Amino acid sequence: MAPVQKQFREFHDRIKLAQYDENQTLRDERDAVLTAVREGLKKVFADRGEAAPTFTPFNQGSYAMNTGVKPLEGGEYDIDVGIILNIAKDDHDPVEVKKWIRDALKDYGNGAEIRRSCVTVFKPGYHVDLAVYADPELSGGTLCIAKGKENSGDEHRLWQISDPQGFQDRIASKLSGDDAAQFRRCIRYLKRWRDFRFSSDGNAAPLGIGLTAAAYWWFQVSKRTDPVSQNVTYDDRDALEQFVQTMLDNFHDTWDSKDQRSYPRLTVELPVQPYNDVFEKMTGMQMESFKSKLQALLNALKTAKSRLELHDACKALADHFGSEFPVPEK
């Protein structure tokens, strides 16, 4: 392996988090929550003199897709799980259904919170986000997620067509073998970049989902095959330079009539239902700051290439990737 490739592979080793299938801890913490949901629904529904609805859980998010990273000191693990309740969506309000889940987890961990798109339960060092779905068998074949907050109007409480497994398939299937490894490594690099240079639980923070979907559209492998030996070498720095430049190229200056100015906006559609712009909640100013840091990271990746000293090349990247990017002495 070439010098800088070695440093990127070490970085990847430091930031990577084992996926559900390879991580006893995540499964046990996930299962602790799923049990406290089953236990809690018995109490809730018996209280109401009915039988508890049942549910099928399924792994979701980066922990299901092998694109998870370790948080920086003071951050939390983000344990994503779907639950398919044995109900017909047309018999029930979506927020009422998320209320069941909230009520069931009342006393567990550090309390539960109905978010727009999940119920989140808190533990020291991690949160589980429960995406709550109706039975497609009882709901007309489509899998629909419970959207809405308690404090949200009729228009904003809906059952929306969802395809998390379709998304997981799309991320798993785009490439194979060492090509798909480089894709996953590069998604992780940008998640640590997000964590280092952006604010946690700030919309300003370009979501993992968005960088994942950007990679789906625009990631390109960077490798070389030796003409004579057929030996293959990967260039994660070059893969990241092409990918970041492509993202930057896809921003469009978008007039805002309210502010009487333009903001650069990057649109990234989910490639499965509901095909929404995953970055649609980011403001114009948050989009402006996103583009500027994306550009400074591009400028770093190019500078890294032309440095004579491994030390200076690695320092330029660590300015963007944080203190776990290895910097050898000069």
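Start at 1 and count along the sequence shown; that's the residue number. Take the two forms, superpose them, and find the largest set of C-alpha atoms that agree within 1.5 Å; that set is the rigid core.
Novice: Quick one: core-superposed, which stretch strays further from the shown model in 6 other deposited structures of this protein, 227 to 235 or 187 to 195? Go by RMS C-alpha distance.
Specialist: When 187 to 195 and 227 to 235 are compared in 6 other deposited structures of this protein, the bigger C-alpha shift is seen for 227 to 235.
Novice: When the core is superposed, where do the C-alphas shift more in 6 other deposited structures of this protein: in 117 to 125 or in 197 to 205?
Specialist: With the rigid core superposed, the C-alphas that lie farther in 6 other deposited structures of this protein are those of 197 to 205.
Novice: Tell me which stretch has the larger mean Cα B-factor in this entry, 187 to 195 or 153 to 161.
Specialist: Comparing 187 to 195 with 153 to 161, the higher average CA B-factor belongs to 153 to 161.
Novice: Can you let me know which of the two, 272 to 280 or 28 to 36, has the higher average C-alpha B-factor in the entry?
Specialist: In the deposited entry, the stretch with the higher C-alpha B-factor mean is 28 to 36.
Novice: What's the residue among 238, 91, 249, 129 with the greatest CA temperature factor in the PDB record?
Specialist: Within the set 238, 91, 249, 129, 91 shows the top C-alpha B-factor.
Novice: Among 140, 71, 166, 210, where is the Cα B factor highest in this entry?
Specialist: The record points to 140.
Novice: Split into thirds by Cα B-factor across the chain's modelled residues, where does residue 312 land: lowest, middle or highest?
Specialist: Its C-alpha B-factor, which the entry lists for residue 312, ranks in the middle third among residues of this chain.
Novice: If you rank the chain by CA B-factor, which third does residue 77 end up in: lowest, middle or highest?
Specialist: Tercile = highest for this residue's CA B-factor.
Novice: Taking the chain's C-alpha temperature factors as the reference, tell me which third residue 45 falls into: lowest, middle or highest.
Specialist: As the PDB entry reports it, the C-alpha B-factor of residue 45 lands in the highest third of its chain.
Novice: Hey, what third does residue 262 fall into on Cα B-factor, ranked over its chain?
Specialist: Its C-alpha B-factor, which the entry lists for residue 262, ranks in the middle third among residues of this chain.
Novice: In terms of the chain's CA B-factor thirds, is residue 182 lowest, middle or highest?
Specialist: Ranked within chain, residue 182 CA B lands in the lowest tercile.
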